[PDB]
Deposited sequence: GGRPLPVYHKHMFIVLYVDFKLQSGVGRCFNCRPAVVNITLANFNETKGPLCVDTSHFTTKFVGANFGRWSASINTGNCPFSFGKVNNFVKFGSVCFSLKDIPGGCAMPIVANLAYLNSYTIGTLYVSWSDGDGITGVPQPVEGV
């Protein structure tokens, strides 16, 4: 698993620096929305995270409704669309010591 998260701020002049980002590109590696939620084949697997980190704006994945942390190899299927009977742990775009915005959700069950 290799989740890539990224987002861009309101472009142009007179931009709102803290408003909700204008572009969002949350991309789960080797995942097809049409095929369905891809499940972890084996307990032996490496999970990386590549969120945008520019200035005070950063992107991270904080596990809220799910009692497991992304990044731990220890101990379930992961998808970007709602999977039934599962929790919704959101992906957020944080502004240091200021408002933050939910840009997308990584579902799991």
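Trainee: Where are the holes in the model when you compare it to the deposited sequence?
Mentor: Going by the record, the segments left unmodelled (no C-alpha atoms) fall at 1-13, 89-94, 129-145.
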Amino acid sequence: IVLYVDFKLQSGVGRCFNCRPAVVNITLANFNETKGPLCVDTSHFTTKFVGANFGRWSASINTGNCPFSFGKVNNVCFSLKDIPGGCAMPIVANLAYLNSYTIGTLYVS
From here on, numbers count along this sequence of modelled residues.
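Trainee: Would you determine, from the values in the PDB entry, which of 66-74 and 24-32 has the greater average C-alpha temperature factor?
Mentor: It is 66-74.
Trainee: In the PDB record, does 48-56 or 33-41 carry the higher mean Cα temperature factor?
Mentor: The recorded data point to 33-41.
Trainee: According to the Cα B-factor stored in this entry, which of the following is highest: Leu95, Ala88, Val92, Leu9?
Mentor: The listed residue with the largest C-alpha B-factor is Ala88.
Trainee: In terms of the CA temperature factor given in the entry, to which third of its chain does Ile1 belong: lowest, middle or highest?
Mentor: It falls in the middle third of the chain.
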